[PDB]
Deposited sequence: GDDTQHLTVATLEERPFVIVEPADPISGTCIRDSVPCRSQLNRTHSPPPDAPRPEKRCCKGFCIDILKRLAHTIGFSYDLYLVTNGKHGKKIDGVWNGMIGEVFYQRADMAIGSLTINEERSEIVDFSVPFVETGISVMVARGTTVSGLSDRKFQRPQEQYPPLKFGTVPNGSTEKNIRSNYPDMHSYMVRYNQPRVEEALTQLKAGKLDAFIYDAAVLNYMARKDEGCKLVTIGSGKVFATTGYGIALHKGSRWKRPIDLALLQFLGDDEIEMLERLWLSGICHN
C-alpha cells in the first residue's frame, strides 16, 4: 500500500522545480520529490501517469530522484541508475523516460509500454544528411572533415549503437554529451552536426525549438522501435495491476490527453 518510487529528471516526462517560495509547498500539478542523496517538486507526463496509477490502484508513494547515475547502465557486473534502484530493491518501481531493452528486461520486470519511442537523429534544418543510413554516419572517418555526431552516453541509446553499430559507436565516443540541454546547444553552435537520441524526447524538442530550426529524422530500419515502461522488481506483484491500469488509461483516451497536455509543440 506504500511504494517507494525512483525517478529522474528528463523534460517533459519528469520536470523538477523548487517548492513555491511563498507557500514552501508543491503547488499546481506538482508532487514532492526528494533526492537520493538525502524542498523539490516534480511534474510532467510521467508524474501525471504516476498520480493516476496511485489513485486508480490505491497506493501511497514516496518519490525520489536518482543521483547514482541516470536511467541504468551495467558496468563490471553492477547496475546503476533507476534500473539499479529497482534491481537492488531500493525502490519498488521506477518511472520516467525509461526505455525497455533486452538487457534490462532480463533483470527487472517492465509494465506494458505507455510511450512509443526508439532512436532518431536531430540535425539543423540546413544540414544535408539523409538520415542514419548515411555513410557520413556509418563510415564516419571516410571523408574530409568528419561529421561530428554524438549522444548522451550510458543509456539505451548508446547500448543500442554499441551492440549494433560498434564501429560507428567508437567514433561517437569523443562527441558524448552530458545532457540533452548541452547537446542541443552544441548542435545549434555547430559543434555537433547531429545528435542521436531517444525518439520521444528528440521529437518533442524539435516541436518546441525556437525558430523551428531543428529537425529530427527517424532512424527507419537502422534501429528498432521500443517504448518507455515502468520498471518493477522481477516477479513483482505490482506488474499486473499497473498493466491493467495503463491499459485502461489508454482506452479511456487518458494517455492521449496527457500527450496533448505535455508533448505538444508548435513546429511541424
Legend entry - Missing stretches, numbered from 1 on the deposited chain sequence and kept in order: 1-4, 43-55, 286
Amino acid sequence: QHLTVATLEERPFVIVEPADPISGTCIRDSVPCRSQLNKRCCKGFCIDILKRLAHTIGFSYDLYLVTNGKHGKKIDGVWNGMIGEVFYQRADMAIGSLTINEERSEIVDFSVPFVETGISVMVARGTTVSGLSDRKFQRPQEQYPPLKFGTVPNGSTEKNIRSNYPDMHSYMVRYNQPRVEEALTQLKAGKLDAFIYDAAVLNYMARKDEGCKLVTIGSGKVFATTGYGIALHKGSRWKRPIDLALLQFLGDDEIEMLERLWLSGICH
From here on, numbers count along this sequence of modelled residues.
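For clarity, a rigid core is taken as the largest C-alpha set superposing within 1.5 Å between two forms.
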Legend entry - Of 49-57 and 215-223, which departs more from this form in 4 other deposited structures of this protein by CA RMS after core fitting: 215-223
Inset, instruction - Look at the other compared PDB entries that model both sides of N38, then say whether a third or more of them leave it out. - result: yes
Legend entry - Average Cα temperature factor in the PDB entry - higher stretch of 160-168, 184-192: 184-192
Inset, instruction - Return whichever of 258-266 and 4-12 has the greater mean Cα B factor according to the PDB record. - result: 258-266
Legend entry - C33, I27, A231, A199, ranked by C-alpha B-factor: the highest one: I27
Legend entry - Most elevated Cα B-factor in the entry, residues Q89, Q177, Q141, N154: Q141
Legend entry - Ranked C-alpha temperature factor of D109 among modelled chain residues, by third: middle
Inset, instruction - Rank-wise, by C-alpha B-factor, drop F45 into the lowest, middle or highest third of its chain. - result: lowest
Inset, instruction - Taking the chain's C-alpha temperature factors as the reference, tell me which third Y64 falls into: lowest, middle or highest. - result: middle
Legend entry - Third assignment of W238 from its chain's C-alpha B-factors: middle
Inset, instruction - Check where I95 lands among this chain's C-alpha B-factors and tell me if it's the lowest, middle or highest third. - result: lowest
